[PDB]
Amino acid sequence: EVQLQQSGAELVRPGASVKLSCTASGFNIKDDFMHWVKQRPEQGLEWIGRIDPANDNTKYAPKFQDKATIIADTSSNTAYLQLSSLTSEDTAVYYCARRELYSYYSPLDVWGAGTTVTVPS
């Protein structure tokens, strides 16, 4: 059994930062790229970036480079997404997903339930 556990809803003031957690259960994240995806209310999916917990190698979508920081803690088997200088535009549901590395190729097969971040106008 494999799953990704995401932190609770966050109500945050503009200008502040927030760190979301994604705890894996059933597998060790050192064997998976950990991804973050954003989805605004009534909108589509936006890839934010990913990290390779084994060596901390990261890759971000250009538009999120200045907004998000993805980190991992293999000891607690948890991946994180930190959003800086929050604005109302950051209001959305943030999903984490994994890509296992034992298969020559595997898609983003396991996703967390998502964490909603709300930043008032």
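From 1 onward, residues are counted along the sequence shown.
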Taking the mean of the C-alpha B-factors per stretch from the entry, tell me the winner out of 63-71 and 31-39.
-> 63-71
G8, C-alpha B-factor rank within chain (lowest, middle or highest third) = middle
Considering only modelled residues of the same chain, in which third does the CA B-factor of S25 rank: lowest, middle or highest?
-> highest
Ranked by Cα temperature factor within the chain, is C96 in the lowest third, the middle third or the highest third?
-> lowest
Modelled-residue ranking by C-alpha temperature factor, third containing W111 | lowest
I51: which third of its chain by C-alpha temperature factor?
-> lowest
